[PDB]
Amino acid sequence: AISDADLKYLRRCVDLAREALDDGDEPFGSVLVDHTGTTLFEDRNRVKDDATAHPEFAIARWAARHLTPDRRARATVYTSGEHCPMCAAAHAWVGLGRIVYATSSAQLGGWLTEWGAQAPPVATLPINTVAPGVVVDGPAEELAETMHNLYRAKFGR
């Protein structure tokens, strides 16, 4: 279930991923939203300015520092790309709520393989393999081509 409201936030994730691309980083963007609708924190990949500089992970730590457990449980995380296992686990450790993603890690994995990219050193596990209790929605068919194009800009060869 991805509503029109969820798509709007996913579009903002895509914009953040493009901000990252244009700054020399990798095209991953994410947004943290309170149950009450309000955007709490937005981020993107900052690999240039540690390979662990993932925005979803920054979200998890920001949430643990700024929000009570009750507010974390009720918050939603939107993301352009489905969390890697590092980030899915961090999300569950700090007790955040629903995740909605635009493109799956399986999708990205298949595209990387087409570009002849040597396999990343972390497996593309579905969020629920890592974090079984998290409610996960995605991918968003409307945004597949756009994300393919952003990924091609960074990782195509």
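When you see a residue number, it is the position in the sequence shown, counting from 1.
For residue 64, the record comparison shows coordinates present in all the other entries of this protein that model its neighbours, with no third of them leaving it out. Compared with other PDB entries of the same protein, residue 48 is missing from at least a third of those that resolve the residues around it. Gap check for residue 70 to residue 71: zero deposited residues are absent from the model. 27-35 and 56-64 differ in mean CA B-factor, and the higher of the two is recorded for 27-35. Taking only CA atoms, the mean B-factor in the PDB entry is higher for 3-11 than for the other of 3-11 and 147-155. When the Cα B-factors of 91, 44, 48, 98 are read from the PDB record, 48 comes out highest. Of the candidates 131, 40, 102, 125, the PDB record gives 40 the highest C-alpha temperature factor.
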